[PDB]
């Protein structure tokens, strides 16, 4: 009821020379003024300031009070107008550009009509439960910037409410575009409430985890009714998207019998246990229409789970995995008939040569719905470094069109990630996501690389650091060998020294040619 919340390091400490800014735009139908966040990096030497994306949200807000309910007037006005369904897809299909769509368009530097079109056709989603009034809207889709999710949450073995709220603020400081609260320990409802009220980014959950808690860990005591009540509980708090493993069908379970690592999905294994116990079809599949009815009233997006994802290179792209993908497509099309926003969850552990098949089949079988991958990890050999093994896969599958990359931290396979691991995972995934944006030739993505590289060539060291994903790491690393203030304007570093610095030699070469 009153956790001992501690503040994360300030925006200014994390991003020296940056300021938080907002672009003001007017939603013309309503007259509502939207303040769309961005981060301005102030540079030297006559360079214009560099504007970048900003997920960090409002700063220095007491977590006991929570964030401003910025969407309140939007939601209240739409309610007063009256509507049969509350989803961004419903509105988009009516030809309506909502505040959320305009906010996202502004944030992406794209046309609001283009945003509306992408949402209406099911190729992008704006996860934005009407009860998450604190949310700064964002969009997930192949035509937009590649996004990153940070998974947090406690377990029965580790962590606390205070630490999980810290982790959400911290994850978003470093660039997480969404978070999920995957708590499987104590105080699931309360932890999630504190997170939602203090999160400017979309928050996802996997409702089956709490449903299993509601029945004291006895999977056989799950059923639709327990699950339904969990969905409503979570929707009422403002959860923006639910992972639901409705594609783990009874008949697909035996396809996993010869796998090396079996069913590694937590939710998938829970559904599989129930299905086998009763020899009955997955209750989330059976009640898909009823789930859609809930989602329509709040705008909860559905992230259709991949409970049969491969958990080892050995199992990659096997029959079980693709059987579920086929069903994910069926469920996607059914959700769209009710105007429910959908993305599809994907692998997993997948060696690089098997990555293209994953994207090809998803794009076709799921009608281009946004894809949301866990990595993939490209090799199993390096626990402790699975942020790297998976950054390779995530960058690759992102380049092929994957819209949301679920991070993997250095603690993958080993233990619950702490705040440091969360940062490491977010950084690795921001690298993968941006590398993918470059590969897709996404408009203006290279401007960031160019600004940093120009600062590098010109020996504007502080500008170089300020422009990077993690300024203080770059600065500290440089300063381990050359800490003096004068070195911040030196035309070399300790790698080559003054006489061998190649950019300084180029500098002399060009001066001589002048």
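For clarity, a rigid core is taken as the largest C-alpha set superposing within 1.5 Å between two forms. Numbering follows the first chain given and starts at 1.
Displacement analysis by core superposition in 5 other deposited structures of this protein ranks 179-187 above the other of 179-187 and 270-278 in root-mean-square C-alpha distance from the shown form. After superposing on the rigid core, the larger RMS C-alpha deviation in 5 other deposited structures of this protein belongs to 161-169, the other candidate being whichever of 311-319 and 161-169 remains. Between 275-283 and 236-244, it is 275-283 that carries the larger average Cα temperature factor according to the deposited entry. Relative to its counterpart among 110-118 and 215-223, 215-223 has the higher mean temperature factor, C-alpha atoms as listed in the PDB entry. Of the candidates 55, 446, 30, 453, the deposited coordinates give 30 the top C-alpha B factor. You'll see in the entry that, of 259, 440, 333, 142, the Cα B factor peaks at 259. Per the PDB record, residue ranking by Cα B-factor puts residue 266 in the middle third of the chain. Placement of the Cα temperature factor of residue 347 within the chain: middle third of the modelled residues, per the deposited record. Annotation for residue 254: CA B-factor lies in the highest third of the chain's modelled residues. Among all modelled residues in its chain, residue 85 ranks in the middle third by Cα B-factor. Ranked by Cα temperature factor within the chain, residue 307 sits in the middle third according to the deposited record.
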